[PDB]
Amino acid sequence: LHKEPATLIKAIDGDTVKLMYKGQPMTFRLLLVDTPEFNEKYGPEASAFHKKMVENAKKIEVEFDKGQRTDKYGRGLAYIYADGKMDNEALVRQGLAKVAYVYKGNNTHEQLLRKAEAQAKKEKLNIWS
Ligand SMILES: Cc1cn([C@H]2C[C@H](OP(=O)(O)O)[C@@H](COP(=O)(O)O)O2)c(=O)[nH]c1=O
Ligand SMILES: [Ca+2]
Numbered sequence: 007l008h009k010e011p012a013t014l015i016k017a018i019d020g021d022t023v024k025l026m027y028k029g030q031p032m033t034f035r036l037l038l039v040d041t042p043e050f051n052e053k054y055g056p057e058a059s060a061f062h063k064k065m066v067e068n069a070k071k072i073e074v075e076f077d078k079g080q081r082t083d084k085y086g087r088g089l090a091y092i093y094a095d096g097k098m099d100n101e102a103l104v105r106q107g108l109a110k111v112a113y114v115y116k117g118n119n120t121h122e123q124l125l126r127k128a129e130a131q132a133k134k135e136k137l138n139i140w141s
């Protein structure tokens, strides 16, 4: 898999972010995770975490997996990196997201994220508390 450039247009919530990718604005949905919606428990903390992470990055990168790159709502499906740290993994590791939506052939980083979830659960972080 390959990291591609992008620039933040706007933070949205725990598992979506608006980025300019190949010069076009797009909403990206983070692969392999699910954050609570803003109005549910840990929802505001997940949004806040993701926001900070994307707003502080000097470099944002998009990494598509091997399968579909856009979902049925037209959102980009990617692993997103902020200064080389994966947003998807960071949210899971903090117990602000669960591993979820694991479809065959867009699941390269499945085991990496499950490992982060196991550590977050061990530490009883946030969602696991
Ligand atoms: C993460 C992801 C979500 N989706 C779709 C599945 C869900 O359909 P439904 O809307 O029909 O439930 C929805 C979940 O996204 P959200 O968690 O952003 O709502 O997005 C995919 O199709 N592919 C994926 O890789
Ligand atoms: Ca969600």
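Using the authors' numbering, the letters of the sequence shown map in sequence onto residues 7 to 43, 50 to 141. All C-beta atoms, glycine included, are put in the ideal place defined by N, C-alpha and C.
On the premise that residue j lies in contact with residue i, defined as a C-beta separation below 8 Å, what is that separation, rounded to the nearest angstrom?
i      : j      : result
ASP83  : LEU7   : Not quite, the Cβ-Cβ distance comes to about 18 Å (not below 8 Å), so this is no contact.
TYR27  : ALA12  : 5 Å
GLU75  : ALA90  : 6 Å
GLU101 : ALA128 : 5 Å
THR41  : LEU103 : 6 Å
Measure the alpha-carbon distance for residue i versus residue j and round it to whole angstroms.
i      : j      : result
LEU36  : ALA130 : 19 Å
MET98  : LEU124 : 11 Å
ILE139 : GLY107 : 5 Å
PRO56  : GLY117 : 31 Å
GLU43  : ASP19  : 8 Å
Nearest by alpha-carbon distance to residue i: which of the options is it?
i      : options                    : result
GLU73  : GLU57, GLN80, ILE92, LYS64 : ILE92
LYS63  : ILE15, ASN51, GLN30        : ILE15
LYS110 : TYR85, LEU137, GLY86       : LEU137
How about residue i and residue j: do their beta carbons lie closer than 8 Å?
i      : j     : result
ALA132 : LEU38 : no
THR120 : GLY88 : no
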